[PDB]
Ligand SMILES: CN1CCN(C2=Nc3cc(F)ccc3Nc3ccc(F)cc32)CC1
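There is one chain below, alone, in structure tokens, taken in the form deposited without this ligand.
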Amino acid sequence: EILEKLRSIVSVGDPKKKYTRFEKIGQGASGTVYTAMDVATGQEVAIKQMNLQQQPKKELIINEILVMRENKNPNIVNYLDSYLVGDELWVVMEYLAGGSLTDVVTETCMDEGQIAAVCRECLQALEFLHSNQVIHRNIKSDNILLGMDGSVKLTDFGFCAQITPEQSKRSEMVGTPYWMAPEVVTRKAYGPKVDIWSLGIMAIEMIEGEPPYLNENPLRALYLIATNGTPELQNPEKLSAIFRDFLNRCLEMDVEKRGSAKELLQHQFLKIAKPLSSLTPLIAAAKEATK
């Protein structure tokens, strides 16, 4: 009954009177997401509402709130507060007007400059987390949020892990199959570089619209990751050499040879990044496409 630890972390007081103008903007396995407005303050917020029954290990909920409140950063969606509403947990975060990267990758064609701009900002989030001994473990386009200024922010700490010098590696088979690094899929001990792999897969989303093997069922994709290793692009000839190089460094099978987030921030690919204002036309296109 670590529900007591969860009960001591959360704020008390009715969120249903602190916040108004509730609108469902999202579903998800982890719960439903609503927008709302702080009754007093006017601030727009996103609230994730999670059924405590839905989650069998309430230990992960605790971990999610702590990591988020302890690791604030400009490239991470800001945690504001949390509340228990009966058997439902509400997490309140800053609302980022814009959209999901998923909408952009499925509905637009991104140029290398735009892709490099997104990758740089995500690598900055990862550098910060990994330096704070946190592995995200669920990097994908669905967890990247884009601001109306082209701000890029990472969210979702539902699956993350804290490591320590004593225990530098994890062994849970956690993530979303198509984005999971081979060492994770094959139950080897793994470290922060699983996030770099997932980032590589997200770069393939930005190129091709989908992670490798998405037409296949999840179990089949796990088999394909275990057997193929480094995925191949549909049309690699369409990419610059330096982009292909960046991809190769993100998607190295040899963990020790795979780029760290720090190493990758100095890659040549990132030097072609467009300014973040370059992403706002993608956001406009995606909103129009998903009317």
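So that there is no doubt, residue numbering starts at 1 and follows the sequence shown.
What comes next is about the form deposited with this ligand bound, which does not appear here.
Overlaying this ligand from its position in the deposited bound form puts 3 or more ligand atoms within 2.4 angstroms of backbone or C-beta atoms here, which marks the pocket as blocked. Although the partner is absent from the chain shown here, none of 198, 250 and 258 has a heavy atom within 4.5 Å of this ligand in the deposited bound form.
Under a 4.5 angstroms non-hydrogen atom cutoff, this ligand in the deposited bound form lacks residue 183 among its neighbouring residues. Contact check for residue 155: a non-hydrogen atom falls within 4.5 Å of this ligand in the deposited bound form. Shown alone here, residue 134 lies within 4.5 Å of this ligand in the deposited bound form, counting heavy atoms only. This ligand is not shown here, and in the deposited bound form it never comes within 4.5 Å of any heavy atom of residue 37. Heavy atoms within 4.5 Å of this ligand in the deposited bound form are found in one stretch of 227-235, 64-72, 241-249, 258-266, which is 64-72. Contact with this ligand in the deposited bound form, judged by any heavy atom within 4.5 Å, is made by just one of 203, 129, 123, 105: 129.
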